[PDB]
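# Breakdown of the fold
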2 protein chains.
Amino acid sequence: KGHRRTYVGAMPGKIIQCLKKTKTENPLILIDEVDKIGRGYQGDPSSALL
Amino acid sequence: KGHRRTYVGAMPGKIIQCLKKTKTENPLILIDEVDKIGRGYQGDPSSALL
């Protein structure tokens with residue numbers, strides 16, 4: 001999701017980097033090794049990824 | 001049910017995330033697979049669900 005820009009060192013969430021790097025709006029973004037997400041600091045990140 | 005919010009990562013139990021999502025106050029919550037609620041851990045979440 002990126003940080004608010006209020007926190008020290010805040011940077012845009014991971015997707016924005018690729019949206020810059022590919023210089024396009026239709027990358028073939030690829031999730032990798034999905035079997036083992038869960039049990040995050042907020043329960044799980046995965047919900048927002050849904 | 002969530003946590004006390006004096007903890008670092010506290011988030012409300014799943015229902016309130018739903019209510020934040022579903023704009024209506026009376027949506028069609030759909031829990032599924034009550035049959036295999038995890039209950040080996042000391043303290044049974046079933047009680048909370050009751």
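As presented, residues are numbered from 1 along each chain according to the written sequence, a scheme that may differ from that of the entry, and residues lacking coordinates are left out. Here chains are named by letter from A upward and ligands by number from 1 upward, in the order in which they appear as written. What is shown is a subset of a larger assembly, and the numbers refer only to that subset. Excluded from the side-chain calculation are hydrogens and water; included are all heavy atoms of the structure.

For this entry, the PDB record names cryo-EM as the structure determination method and reports a resolution of 3.9 Å.

Once that is clear, we can look at the overall build of chain A. Going along the chain from the N terminus, every DSSP run of H or I of four or more residues is numbered as a helix, and every run of E of two or more is numbered as a strand. Summing up its helical and strand segments, chain A has 2 helices and 0 strands in all. Both definitions apply: the radius of gyration is a C-alpha atom measure, and the globule rule equals 2.2 Å times residues to the power 0.38. At 13 Å, chain A has a C-alpha radius of gyration far larger than the 10 Å of a compact globule built from 50 residues. For chain A, the spread of C-alpha atoms along the principal axes amounts to about 35 × 30 × 15 Å. Across the 50 residues of chain A, 6% fall into the buried class. This count recognises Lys and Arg as positive and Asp and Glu as negative, with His and chain-terminal groups excluded. Here the site of a charge means atom NZ of a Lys, CZ of an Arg, CG of an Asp or CD of a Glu. Side chains of chain A give 9 positive and 5 negative charges; the mean places of these two sets differ by 12 Å. Buried residues are those whose accessible area, probed at 1.4 Å on protein chains only, stays under 20% of the maximum for their type, while exposed residues exceed 50% and partly exposed ones sit between those limits.

Residue and element names in this part refer to chain A. A positive phi angle is found at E33, which is not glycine, with a value near 45°. Relative to the assigned elements, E33 resides in the loop between α1 (14-21) and α2 (46-49). A relative accessible area of 42% means that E33 is categorised as partly exposed. A positive phi angle is found at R39, which is not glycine, with a value near 60°. Among the secondary structure elements, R39 is positioned in the loop between α1 and α2. Judged by its relative accessible area of 79%, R39 falls in the exposed class.

Residues and elements named next belong to chain A. Together, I31, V34, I37 and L49 line one region of the surface with nonpolar side chains, adding up to about 400 Å² of accessible area. Topologically, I31 is positioned in the loop between α1 and α2. On the basis of relative accessibility, which here comes to 53%, the residue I31 falls in the exposed class. For patch detection, residues must exceed 30% relative accessible area and be free of salt bridges, and they are connected within 9 Å for like charges or within 5 Å for nonpolar side chains (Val, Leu, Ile, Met, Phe, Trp, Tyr). Here the open area of atoms and residues is found with the Shrake-Rupley method and a 1.4 Å probe, where only the protein chains shown may cover a residue. By definition, a salt bridge exists where a carboxyl oxygen of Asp or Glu is found within 4 Å of a side-chain nitrogen of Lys or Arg.

Below, the discussion takes up the side chain of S46 of chain A. Residues and elements named next belong to chain A. Here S46 is to be found in helix α2. On the basis of relative accessible area, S46 is assigned to the buried category, the value being 18%. Contacts between residues were defined by any pair of non-hydrogen atoms, one from each residue, lying within 4.5 Å. Apart from the residues within four sequence positions on either side, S46 is in contact with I37 and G38.

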